[PDB]
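Chemist: How does the following fold in three dimensions:
(chains A, B, C and D)
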Amino acid sequence: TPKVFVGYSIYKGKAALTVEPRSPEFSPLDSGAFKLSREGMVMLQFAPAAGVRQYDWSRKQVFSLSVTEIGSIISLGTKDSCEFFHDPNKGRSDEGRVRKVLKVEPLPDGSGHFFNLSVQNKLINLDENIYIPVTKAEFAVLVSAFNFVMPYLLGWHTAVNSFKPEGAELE
Amino acid sequence: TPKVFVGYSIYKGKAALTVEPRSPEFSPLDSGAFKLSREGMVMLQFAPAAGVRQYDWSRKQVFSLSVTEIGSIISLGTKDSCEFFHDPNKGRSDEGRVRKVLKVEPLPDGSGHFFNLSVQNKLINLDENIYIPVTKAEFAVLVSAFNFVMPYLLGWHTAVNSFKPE
Amino acid sequence: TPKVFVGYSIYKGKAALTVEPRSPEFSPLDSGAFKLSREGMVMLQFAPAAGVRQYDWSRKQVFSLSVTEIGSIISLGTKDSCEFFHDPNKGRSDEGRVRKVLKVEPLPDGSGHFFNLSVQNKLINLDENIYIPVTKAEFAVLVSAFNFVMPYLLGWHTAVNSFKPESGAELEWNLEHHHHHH
Amino acid sequence: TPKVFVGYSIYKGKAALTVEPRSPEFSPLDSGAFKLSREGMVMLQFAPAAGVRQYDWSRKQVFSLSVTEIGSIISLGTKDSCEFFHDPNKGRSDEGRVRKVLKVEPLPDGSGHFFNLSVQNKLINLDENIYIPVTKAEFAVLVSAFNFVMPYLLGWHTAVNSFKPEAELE
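Modeler: Numbers count the residues shown, from 1 in each chain, chains lettered A, B, ... in the order given. Provided below are the atomic coordinates:
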């Protein structure tokens, strides 16, 4: 506190994209210490274009980026690509029924990358696909922000903040 | 904490340039919650060199760098260029002739880049152009400074300060 | 501001790898200030797989990386390699008999690097080896995290914290300015 | 808790090098506000080896690095070089008599860079030189530390700390 809601947004012709960090989670140990129990992540929210300058957020779709997936974006070269597959029932007998795939490839010309989100839900025959292009400059804001936030998503800031004034085994 | 006026300055033959960050804007919400309403930015100030290599900040021109524009600067290569156009009259009011254009291009000798600002407005028949060279070493100080300030202009620091036990 | 234990983990087919930062040490003086007496480091822990996504931490092998060694990791190119050798007192009047060797080299496919830890003890007959591939993506996470902790491991965060409000080569000559004029 | 002395050292064959940040200066304003009056810097200290595993810090040479000079180091490629000249009498009567020159150039096998500090004082016939190799690894530690300390040497941290919830000028 005071809790603040933030998020970088890229608004384009066919769609809009919002990016926001989500807190990691901790669990109690002895002596009043804590353990990082769940890594934080970055949440992406895609929305299709509505009626000029506005978007239909009621038709939005979300996709998360874990620390490792953020590693793929920050190490993505000018003409490289990466794909992420999310299925809540992987391995389960009913896998492949509801899933999301995020693909990041370079634009034809070479002025940036496409962020293409595919959502499938066989239970209701849904098969949405939203894509938005992000310029090299906009990609750079993302890389700077991801680099800043990753240590916090791993909770390393809580660990080093105790590295204040107030090799151990025969290997 | 108190108020501190920082600002990295570059002083050259025909002009000087000062760089300062500018705070994001927040909007009050419900139960002790806040929401960022306006991103922060970096303010660039250009001043013509008067005499004895001093500068008349009386006729200084300023240019605002939004977060996305800052991204253009930090991902700019050795031989790359970028240009920013700012027109107060986006097209809602009138066409508008009052315009500001910032240009960043590699120097001839390839020792860095140069920053060039164009200001013009029909209202007072103004037509200025302040140019200033930035060495590779000074460019690196900007990149480093811009990379650090970036998440703060977005307000992500206020968010991560809550990423802790409890 | 309670004590918190963290650590980035990479889970693979044959082994798992956890990476964790370790605090520097300080030693008091007299002027009401402190002095950095030992740099922090990053501890790597390797564990062999004992089941699907299950690892035996009872047979874990540990390897500490100093700030300089962390320097070799973050500056590694796609086709570069580096080797680290640890032994309780290299030379000395008694080297010992046990050693640890960590190798980091590119994968055949070129999709990343592998981390290989070798542990040899002649005081028994123990000769362990643990291998683990690290994708390009996972390596970037280590690079980002390592770049972040370096300053804290050097203690520069406590120094820089006093850089709050209350260039003439005049600090390079011990103030012995009587030699700057005749 | 308050002041603490840090510093990254590099111990080599016939010389050692200690790097350390130095705080910037602020000045009060009648408005009750402060203004950065002087940028912080990074201090380098070269010491020759006093034997084998020893270094005589009695005869150590200090060289200051401004934020712009730090900028030259962090943007130094694996084949580029940089050089800095410091004269305590610059702008005055007899400049060009006393100086310190720091040169940073790539090692032959392209495995790092060497820092070469030259100390000259013609008035007393002084002419010293201290050479030290810095591996690609140790150099990366410097770049990482330098990129971290930079915004603080500029005072930008005291600025962003007040960016709490509690084209414009164009």
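Chemist: CA atoms for contacts and neighbours, from now on please.
Modeler: Noted.
Chemist: So which residues of chain A form helices?
Modeler: Using DSSP state H, the helices found in chain A span residues A:67-74, A:136-153, A:156-160.
Chemist: how about the strands in chain A?
Modeler: Secondary structure of chain A by DSSP state E: the strands cover A:3-5, A:8-11, A:15-22, A:25-28, A:34-38, A:41-48, A:61-65, A:82-86, A:98-106, A:112-121, A:126-135.
Chemist: Can you spell out which helices and strands pack onto the second one?
Modeler: Right, the one you point to is strand A:8-11. Contacts defined by 3 or more CA pairs under 8 Å, 6 or more residues apart in numbering or on different chains; DSSP states H and E place strand A:8-11 against strand A:15-22.
Chemist: From the contact counts, what lies against the strand it packs on?
Modeler: Strand A:15-22 sits against strand A:8-11, strand A:41-48, strand A:126-135, with contacts defined as 3+ CA pairs under 8 Å, 6+ apart.
Chemist: That strand to helix A:136-153, inter-axis angle?
Modeler: Counting by axes from the mean of the first three to the mean of the last three CA atoms, to 10 degrees, strand A:15-22 points 20 degrees away from the direction of helix A:136-153.
Chemist: Just the CA trace of strand A:15-22, in CSV.
Modeler: In CSV, the C-alpha atoms belonging to strand A:15-22 read as follows (Å, rounded to 0.1, in the frame of the first residue of the first chain):
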residue,chain,number,x,y,z
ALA,A,15,-6.2,-4.4,-31.9
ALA,A,16,-4.9,-3.2,-28.5
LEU,A,17,-2.4,-4.8,-26.1
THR,A,18,-1.9,-4.1,-22.4
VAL,A,19,1.1,-5.4,-20.4
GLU,A,20,1.2,-5.6,-16.6
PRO,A,21,3.3,-7.3,-14.0
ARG,A,22,1.8,-9.7,-11.5
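Chemist: Can you list the buried residues in that strand?
Modeler: Neighbour counts over strand A:15-22 (16 or more other CA atoms under 10 Å in any protein chain shown) mark A:15-22 as buried.
Chemist: What strands line up against that strand, and which way round?
Modeler: Strand A:15-22 has its sheet partners listed here by DSSP bridges as strand A:8-11 (antiparallel), strand A:41-48 (antiparallel).
Chemist: Pick the most deeply packed of those.
Modeler: Comparing the strands paired with strand A:15-22 by mean neighbour count (mean count of other CA atoms under 10 Å in any protein chain shown), strand A:41-48 comes out on top with a mean of 21.
Chemist: can you pull the contacts of the residue nearest to residue A:148 when sequence neighbours are not counted?
Modeler: Closest residue in space to residue A:148, ignoring its immediate chain neighbours: residue B:151 at 6.8 Å, by CA to CA, 6 or more residues apart in numbering or on different chains. Applying CA atoms under 8 Å, 6 or more residues apart in numbering or on different chains to residue B:151 gives the contacts A:144-145, A:148, B:157.
Chemist: let's see 7 Å
Modeler: Residue B:151 makes contact with A:145, A:148, B:157, according to CA atoms under 7 Å, 6 or more residues apart in numbering or on different chains.
Chemist: Out of those residues, the closest to chain D would be?
Modeler: Among those, residue B:157 lies closest to chain D (CA to the nearest CA), at 9.0 Å.
Chemist: what's the spacing between the closest one and chain C?
Modeler: Distance, residue B:157 to chain C, by CA to the nearest CA, to the nearest Å: 15 Å.
Chemist: Just give me the residue right at the centre of chain A.
Modeler: With distances taken as CA atoms, centre = their mean, residue A:65 lies nearest the centre of chain A, 2.8 Å away.
Chemist: Is that residue bridged to anything, and to what?
Modeler: Beta-bridge partners of residue A:65, as defined by DSSP bridges: residue A:42.
Chemist: Would you check how far apart residue A:17 and chain B are?
Modeler: Applying CA to the nearest CA to residue A:17 and chain B gives a distance of 14 Å.
Chemist: what does residue A:74 give?
Modeler: Separation of residue A:74 from chain B (CA to the nearest CA): 13 Å.
Chemist: cool, residue A:102 as well?
Modeler: 23 Å.
Chemist: ok, now residue A:12?
Modeler: Relative to chain B, residue A:12 is positioned 14 Å away (CA to the nearest CA).
Chemist: and if you look at residue A:59?
Modeler: When distance is defined by CA to the nearest CA, residue A:59 is 23 Å away from chain B.
Chemist: Over to residue A:62?
Modeler: Per CA to the nearest CA, residue A:62 is found 20 Å from chain B.
Chemist: ditto for residue A:77
Modeler: Separation of residue A:77 from chain B (CA to the nearest CA): 12 Å.
Chemist: and if you look at residue A:52?
Modeler: Separation of residue A:52 from chain B (CA to the nearest CA): 14 Å.
Chemist: got it, and residue A:161?
Modeler: Per CA to the nearest CA, residue A:161 is found 11 Å from chain B.
Chemist: Could I get the phi/psi values of that residue?
Modeler: Here the main-chain torsion angles of residue A:161 (degrees, to the nearest 10) amount to phi -70, psi 0.
Chemist: Residue A:24 too?
Modeler: phi -80, psi 170.
Chemist: Endpoint to endpoint, stretch A:131-142 covers what distance?
Modeler: Start-to-end span of stretch A:131-142 (CA to CA, to the nearest Å) is 17 Å.
Chemist: Kindly report the same for stretch A:149-164.
Modeler: Its first and final residues considered, stretch A:149-164 spans 22 Å by CA to CA.
Chemist: again, but for stretch A:153-162
Modeler: End-to-end distance of stretch A:153-162 (CA to CA): 17 Å.
Chemist: How far does that stretch sit from its chain's centre?
Modeler: A distance of 20 Å separates the centroid of the chain from that of stretch A:153-162, by CA atoms, centre = their mean, to the nearest Å.
Chemist: Repeat that for stretch A:99-106.
Modeler: Centroid separation between stretch A:99-106 and its chain, computed with CA atoms, centre = their mean, is 12 Å.
Chemist: Stretch A:91-111 now?
Modeler: Centroid displacement of stretch A:91-111 relative to its chain, using CA atoms, centre = their mean, is 13 Å.
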